[PDB]
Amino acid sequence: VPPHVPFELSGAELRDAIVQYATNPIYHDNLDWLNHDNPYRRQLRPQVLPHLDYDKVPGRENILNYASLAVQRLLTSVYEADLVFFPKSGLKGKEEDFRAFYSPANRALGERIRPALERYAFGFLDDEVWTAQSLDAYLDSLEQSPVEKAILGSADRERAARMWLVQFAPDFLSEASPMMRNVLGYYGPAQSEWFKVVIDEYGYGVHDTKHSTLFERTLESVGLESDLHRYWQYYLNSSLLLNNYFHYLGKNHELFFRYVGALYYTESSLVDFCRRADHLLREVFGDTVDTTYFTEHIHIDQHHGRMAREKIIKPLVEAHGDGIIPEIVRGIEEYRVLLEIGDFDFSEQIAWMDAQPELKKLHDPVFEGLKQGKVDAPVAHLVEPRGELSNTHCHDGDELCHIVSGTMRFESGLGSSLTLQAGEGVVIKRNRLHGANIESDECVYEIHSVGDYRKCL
């Protein structure tokens, strides 16, 4: 028997493999801000991917850096090759993109880089996070939320709530897809118990009461659309991370017990989430908003937490022993970490959107500070024609964008834009999602990499 050469992919070969997957034409930059009813096109900004170092895994303090956002976007596209999508208007005239996404090549190229991508995306959780006795003590251990504060306190509550709702589109519109990955196969009575939870989310198979269909009504009632992924460029790093974590747990069955932990915790908190979400949306929108998606779990026992602990966790540790409980605990603790990152990232993004007029004015003192040599900042000189749309991304330090001539639409969130004319500009805050489009025949501008804009004031 020939020796087994262990799987290995790193360095430049990994970079080339990531670029190879992502240069499929369906992943190239969009010429618009939105995907118009095409579930096969996802913007991965492949032109940047040759220049990222996938081998040095980031810690938590840098997981909102651009390389992390790029990897979350890559991973969502890789996981979703396993999901069935058709356009709302039907497949007609989109068959070419359909076959570019569902192809042997696109699957194999994505699956080859998936281990490296998952190390980059989730490796930081190793540093961030047993008997049956203490386990049942640990689970016994388990107020305005940060999201409520961000939305209710925003200078544009409806814009902030709409930005929040679209973060959930890939999760809620494909509701229970990652959980369904754990029902394939042949194992104990726990398998039918997992299946029961999936069935509830699918509305027992009645499409009108399928939970995804209810969230369609929620989106449409506040003037948003329900086609995936219309708002791809407005998905925060942290929202993709949260969604990706459950596909990670569901696809990789050595993490099955981590998912058992996460299922208990999410079911246990589902009612409080839906009540807060129902309350918040009615506050912001009034009678207009359809919150049926959430009010289907506003009764106190309208969840699966009690059965998750009794008929999933209990039989599994008995059949497989206490060696699995540290994984059950780890799934709970990892999910809680990701939730905190989401709260931080979302609140930061809303504050960044709300501050746009002040940050346009702050361009002036920051620019003057550069003249005075307060910061020795690298400069980039760019010239771009009309319609050259920079798909949304972020930078890892603060940047100053200064318009020499022309007109730029500076995009900072859904419904959040600035028109920058000659002599104007904007302070771009580190890790904030933003993009730009050129709305004059030509635009000449500069990007100064100031690091920390406060040193220029």
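Each residue number is its position in the shown sequence, starting from 1.
- In terms of unmodelled positions of the deposited sequence, the stretch from residue 129 to residue 130 in this entry skips 4 to 9 residues.
- Coordinates are given for every residue of the deposited sequence from residue 84 through residue 85, so that no gap is recorded there.
- Higher average CA B factor: 50-58, of the stretches 50-58 and 66-74.
- Here 321-329 and 227-235 are compared by their mean Cα B-factor, and 321-329 comes out higher.
- Comparing the listed residues 406, 397, 425, 415, the entry records the largest Cα B-factor for 406.
- As recorded in the PDB entry, 373 shows the highest C-alpha B-factor of the residues 373, 123, 342, 115.
- In the deposited entry, the Cα temperature factor of residue 25 sits in the middle third of values across the chain's modelled residues.
- In the PDB entry, residue 240 places in the lowest third of its chain by CA B-factor.
- In the PDB entry, a CA B factor belonging to the middle third of its chain's modelled residues is recorded for residue 220.
- Ranked by C-alpha B-factor against the other modelled residues of its chain, residue 89 falls in the middle third.
- When the modelled residues of the chain are ordered by C-alpha B-factor, residue 187 sits in the middle third.
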